[PDB]
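> all I have is the shape, not the residue letters:
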Ligand SMILES: CC(=O)N[C@@H]1[C@@H](O)[C@H](O[C@@H]2O[C@H](CO)[C@@H](O)[C@H](O)[C@H]2NC(C)=O)[C@@H](CO)O[C@H]1O
Ligand SMILES: CC(=O)N[C@@H]1[C@@H](O)[C@H](O)[C@@H](CO)O[C@H]1O
């Protein structure tokens, strides 16, 4: 088939969530991205020895899945939001790039992965409080990608297999200004656009995690008119990412605020009073939790914004507002993938939808 389905699996699923690689329906994906490997002393390293290469042994479980499902490709995701602070150094010199690339080859060979996903958040500007940047990141992301592609090509030749190289990219078009997407696109097998986290409880006002198109009714400070899926996809296409390599990110979680004023919009784009109820932490809901507990339940009502093409919940009693991925929005995005000839769908993350409501819709629309 023409489309990828790239599911993130979180290593920490193997703690209180009690969701292990054995729980994944491998018929519903083409790829698993394993979140995450860390960077230590310029090398890719095991993120969590309690569940990765030992203890609950998620890596053993992913190899078991590969043997049962020969179609499957498993990629190690390096870095992410919390663990990106090592990239700028790793990318900055030819010696550091070779050390990094060689450590990535060593990792996928030892643990049985089919390639490497680079989640550098983000070159030049942006990222967590611990994040490190330098202006040279714009060219060094290209050089690190080339070093990885060369190392994985050489290793694949030695091993009689093909290793993929991918990346997660910001939904914010600053990422495009701070990288050379026309160059790196040639070396990545595909590029997962994180077309989500456009709004969240970092804002004291409500908004949509993943609105499809711009809604001019949303006018809050610093919120770009490009903070939507179509704007992000069109920006990466314009920057030179080939359509067939551009994979559209979808969230399987939601965000919540409490004490949102109703205004004229049942709590949408309103000033709120902090995080709302969550599943495993305040303000963050699994789709499973929304579906079972909140979807037209417990005083929450579902609303549809036909400008943004996004659903939300509002509880008028508590003022709680939930942004989440409704099937009505996700169907529009799956049709858009097909109409644009895109590379498929990616989602964060597979444990957050236990009934596979969104998982199954994605697989039904994109897979054979
Ligand atoms: C449109 C935009 O710039 N949104 C920012 C968010 O991207 C950012 O959230 C972070 O987004 C990453 C994906 O690009 C996630 O990997 C990361 O987990 C997420 N960070 C947090 C703390 O949720 C938020 C918050 O930093 O800021 C927005 O401005
Ligand atoms: C709980 C958690 O860590 N989730 C974040 C999430 O904000 C984001 O959607 C994703 C980007 O792929 O990165 C994850 O690490």
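Yes, it's here. Residues are numbered from 1 along each chain as shown. Ligands and ions are numbered 1, 2, ... in the order given.
> partners of the residue of the chain found nearest ligand 2 in the sheet?
Distances between the chain and ligand 2 by C-beta to the nearest ligand atom are smallest at residue 348, namely 4.2 Å. No exception for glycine: its C-beta is placed from N, CA and C like everyone else's. On the basis of DSSP bridges, residue 348 takes part in beta bridges with residue 251.
> residues contacting it?
Neighbouring residues of residue 348 by C-beta atoms under 8 Å, 6 or more residues apart in numbering: 8, 194, 196, 249, 250, 251, 252, 253.
> can you list those in TSV and add neighbour count and distance to residue 29?
Output for the contacts of residue 348, formatted as TSV (neighbours: other C-beta atoms under 10 Å; distance: C-beta to C-beta, whole Å):
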residue	neighbour count	distance to residue 29
8	27	10
194	24	18
196	26	18
249	23	14
250	25	13
251	23	16
252	25	13
253	25	18
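> out of those residues, which comes closest to ligand 1?
Ligand 1 has its nearest neighbour among the contacts of residue 348 in residue 194, at 4.3 Å by C-beta to the nearest ligand atom.
> in contact with the closest one, which residues?
Applying C-beta under 8 Å, 6+ apart, the residues near residue 194 are 168, 169, 170, 171, 249, 348.
> what's the closest non-adjacent residue to the third one?
Just to be clear, that refers to residue 170. residue 122 (5.2 Å; C-beta to C-beta, 6 or more residues apart in numbering).
> follow-up on the earlier one: of the contacts of residue 194, which belong to helices?
Here DSSP state H is the test, and these give no hits in helices at all.
> and the residue of the stretch 251-368 of the chain nearest ligand 1?
residue 348 (7.7 Å).
> strands of the chain, start to end?
4-10, 31-40, 43-46, 73-79, 115-119, 164-170, 190-194, 246-251, 253-257, 284-286, 300-305, 310-315, 320-323, 344-348 (DSSP state E).
> nearest to residue 179 among the contacts of residue 194?
Nearest to residue 179, judged by C-beta to C-beta, of these is residue 169 at 7.8 Å.
> make sure residue 121 is actually in contact with residue 127.
Yes: if you go by C-beta atoms under 8 Å, residue 121 and residue 127 touch, sitting 4.8 Å apart.
> touching both of these two, which residues are there?
Taking C-beta under 8 Å, 6+ apart as the contact rule, residue 121 and residue 127 both touch 81, 84.
> what residues does the stretch 101-250 of the chain put near ligand 2?
When proximity is defined by C-beta under 6 Å from any ligand atom, the stretch 101-250 of the chain lies next to ligand 2 at 168, 194, 196, 197.
> find the nearest non-adjacent residue to residue 155, please.
Nearest residue to residue 155, sequence neighbours excluded (C-beta to C-beta, 6+ apart): residue 105, at 4.4 Å.
> list the contacts of the lengthiest helix in the chain.
Using DSSP H, we find that the single longest helix of the chain is helix 137-159. Helix 137-159 is contacted by residues 87-88, 90-92, 94, 97-98, 100-102, 104-105, 108-109, 115-116, 118, 120, 123-124, 134, 162-165, 167, 178-180, 183-184, 187-188 when judged by C-beta under 8 Å, 6+ apart.
> who in the stretch 201-350 of the chain is up against ligand 1?
So far as C-beta under 6 Å from any ligand atom goes, the stretch 201-350 of the chain lies against ligand 1 at 202, 227.
> where does the stretch 201-350 of the chain get nearest to ligand 1, which residue?
Taking C-beta to the nearest ligand atom, the stretch 201-350 of the chain has residue 202 as its residue nearest ligand 1, at 4.3 Å.
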